[PDB]
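Notes follow the structure.
So basically every Cβ, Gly included, is an ideal-geometry build from the backbone, and we count neighbours across all protein chains shown. Taken together, the values in this text are just the output of simple stated rules run on the coordinates, not laboratory data.
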Amino acid sequence: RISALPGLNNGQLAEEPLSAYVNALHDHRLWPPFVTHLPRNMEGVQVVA
Amino acid sequence: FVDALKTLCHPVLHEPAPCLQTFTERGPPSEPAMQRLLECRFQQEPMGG
Amino acid sequence: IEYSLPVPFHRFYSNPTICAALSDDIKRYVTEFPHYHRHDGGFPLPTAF
Amino acid sequence: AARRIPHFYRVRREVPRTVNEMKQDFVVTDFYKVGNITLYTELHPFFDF
Amino acid sequence: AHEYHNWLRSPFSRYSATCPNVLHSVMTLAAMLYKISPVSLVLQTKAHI
């Protein structure tokens, strides 16, 4: 909540949400180091194994 | 800063192209103190093994 | 989950942490507009309300 | 009004924020700036337009 | 080793050594993840931050 900026986050600037353009904890382009389910919005990023 | 909001959002503030241009035209430095700092390398490798 | 019907109706009692997570309808509405996770005001109420 | 209330959340239109909600987000010193838009409709202290 | 291609660089690891074990130190890594994109420079200044 403290890193979402919940005061002035509204709408759809592009197909990504507004807080995804604000902090790294919201955009789905940064990935956590340990994972068990890759998310629904993989279509922005690319993955290589 | 809300009154300085105009000058901090032009795209020329966030274009590194002439800066990298004159950094490359500066070339690598050549003092013997800088020769500890100059070297690094980054390789790409498949994550199969 | 199968025998409930959620009504987001009010300025307060509407928040999508519960009602949108209940039904797949408003869940599908939320997962395409991910910036609608607010509570201040909130994600938009229906036209009847 | 209860059974129909999921069917509002299937049409995927970006519902625009109302003028009062677009008025609420401003900070105190930013409410007295020309960068504010909705100052044209704050006419009466005891009404809203 | 891609220091200039990770999202999290050596100031984050250098902060993780000398930080105390308190909630203030937990949340202070969150606001160290604010993007410095020009769209975020409007918004985080508009929150008077």
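Would you say C:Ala20 is of a type in the set (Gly, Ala, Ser) and crowded, with 16+ Cβ neighbours inside 10 Å?
Working: of a type in the set (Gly, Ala, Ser): yes; crowded, with 16+ Cβ neighbours inside 10 Å: yes.
Yes, satisfied.
Restricting to the stretch C:23-49, name every residue that is within 12 Å of chain A (Cβ to nearest Cβ) and crowded, with 16+ Cβ neighbours inside 10 Å. Talk me through it step by step, then tell me what you get.
Just the residues of the stretch C:23-49 that are within 12 Å of chain A (Cβ to nearest Cβ), to begin with: C:27-28, C:30-44.
C:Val30, C:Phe33, C:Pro34, C:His35, C:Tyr36, C:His37, C:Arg38, C:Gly41, C:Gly42, C:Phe43, C:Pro44, listed by residue number.
Go through the stretch B:1-22 and report how many residues are in a helix (DSSP H, G or I) and under 10 Å from E:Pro38 (Cα atoms). Don't jump to the end; show me each part of the working.
Restricting attention to the stretch B:1-22, the residues satisfying the condition of being in a helix (DSSP H, G or I) are B:11-14, B:17-22.
If we keep only those that are under 10 Å from E:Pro38 (Cα atoms) too, we end up with B:11, B:13-14.
Total meeting the criteria: 3.
Condition first: in a helix (DSSP H, G or I) and over 21 Å from A:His28 (Cβ atoms). Now tell me which residues in the stretch C:1-23 satisfy that.
C:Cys19, C:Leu22
Would you confirm, using the coordinates I've provided, whether E:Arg9 is more than 10 Å from chain A (Cβ to nearest Cβ) and surrounded by 11 or more Cβ atoms within 10 Å (Cβ to Cβ)? First the steps, then the outcome.
Values: more than 10 Å from chain A (Cβ to nearest Cβ): yes; surrounded by 11 or more Cβ atoms within 10 Å (Cβ to Cβ): yes.
Answer is yes for this residue.
Hey, could you check the stretch A:13-43 for residues that are over 19 Å from E:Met27 (Cβ atoms) and outside any loop (DSSP other than H, G, I, E, B) and say which is farthest from the other protein chains (Cβ to nearest Cβ)?
Selected residue: A:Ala20.
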